[PDB]
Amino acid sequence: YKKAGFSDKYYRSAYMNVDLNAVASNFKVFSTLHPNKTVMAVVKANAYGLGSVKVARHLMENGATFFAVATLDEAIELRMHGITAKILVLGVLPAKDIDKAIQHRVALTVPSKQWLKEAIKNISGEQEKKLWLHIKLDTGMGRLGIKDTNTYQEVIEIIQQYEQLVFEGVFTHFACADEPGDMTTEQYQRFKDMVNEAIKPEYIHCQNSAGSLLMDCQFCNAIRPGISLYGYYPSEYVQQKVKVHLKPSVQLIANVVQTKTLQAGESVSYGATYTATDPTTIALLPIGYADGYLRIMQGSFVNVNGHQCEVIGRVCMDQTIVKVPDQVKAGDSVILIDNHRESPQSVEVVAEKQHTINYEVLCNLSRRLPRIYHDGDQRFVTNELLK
């Protein structure tokens, strides 16, 4: 038994459906909203759980020329699998690893003057191609970046003394673009104020999903949409303000493997935490918190053949128990997360149950779930355990 060429096999009835056509459709919404901007598709964190390689490849087939990721590992993973678009690493590379970024033609973020000096000291001469750099400006977020104009200017002057270093881009990031209030306006003005005190690079970018949906920002020539490429609004506020429709791309599915009848007194799962009072039927699903369906999901509702059914007892590492009508039997499929916003199984409802935001619900989905990709009538599978 060896690695599959085209589609990985899988041997448990629990999986993610990933709609690639939905993702392309959402990408096309953004390029239509911003027809004179490069759409720098954010595919960090394995494309928010969907699969960075498959998504990037599909987006390239639909005109994408630039991607952003969090780490160099994520960028190298894209390169190993044939992605030839430009890639920006948004996080801070360790200076000792500078030669690997140059070798693989990956653009890096400059967060400070000190970093840039360390990075220069670690350039061996063995990789002689150009190093593309995007300078991060802190305009009030308080995270990564240069916050003062003098330092910004000094960094550009350093880059200009080395023919190997290219000032490719400058960028910032919004803290509160998905809530009402003036902070986003103020950050945008500050960003312009700084960028106007120096020579301008090829790429100027500031907008995440929320900023791309709420503002033009004519000054910028590129956008960095993440979560909304995959079909989710970054907040309720944004969803309510904008008229564009986004298509959710994920379903989370599992099939019932056994049904049982509990008599009054009998309990289910760890800690005897649900005790039957009547004759009630239960269904066992082969999915649990090691898959990202966390323990707190106890008491939520899932969709078994159209019927709304309560998750009862403790969610285990590998199993979930569901209270069901008598007609439910082994083999019936269950929607745990649905590809619709207005659903009791929406990502947002699951997020409310987990006391978190949609972003985290998607990132929780573990390596043990196969991803089954849909592209028209084509179907292919990634199962990380068998790669």
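When you see a residue number, it is the position in the sequence shown, counting from 1.
Of the other entries that cover residues on both sides, do at least a third skip residue 77? Comparison shows residue 77 kept in all of the other entries.
Is it true that residue 271 has no coordinates in a third or more of the other entries in the comparison? Counting only entries that model residues on both sides, residue 271 is unresolved in at least a third of them.
For the stretches 181-189 and 248-256, which has the higher mean C-alpha B-factor as given in the deposited record? The recorded data point to 181-189.
Quick check on the record: does 317-325 or 65-73 carry the larger mean Cα temperature factor? Result: 317-325.
Just grab whichever of 267, 298, 153, 212 has the top CA B-factor as deposited. When the deposited C-alpha B-factors of 267, 298, 153, 212 are compared, 267 is largest.
Per the entry's Cα B factor values, which of 171, 233, 274, 293 stands out as the maximum? Largest recorded C-alpha B-factor: 274.
B-factor third for the C-alpha atom of residue 28 within its chain: Within its chain, residue 28 is a highest-third residue by C-alpha B-factor, going by the deposited values.
Taking the chain's C-alpha temperature factors as the reference, tell me which third residue 142 falls into: lowest, middle or highest. It falls in the top third of the chain.
Using the B-factor values recorded in the entry, state whether the Cα atom of residue 111 falls in the lowest, middle or highest third among the modelled residues of its chain. Within its chain, residue 111 is a middle-third residue by C-alpha B-factor, going by the deposited values.
Chain-relative CA temperature factor third for residue 348: Ranked within chain, residue 348 CA B lands in the lowest tercile.
Lowest, middle or highest third: where is residue 307 by Cα B-factor in its chain? Highest third, going by the recorded CA B-factors of the chain.
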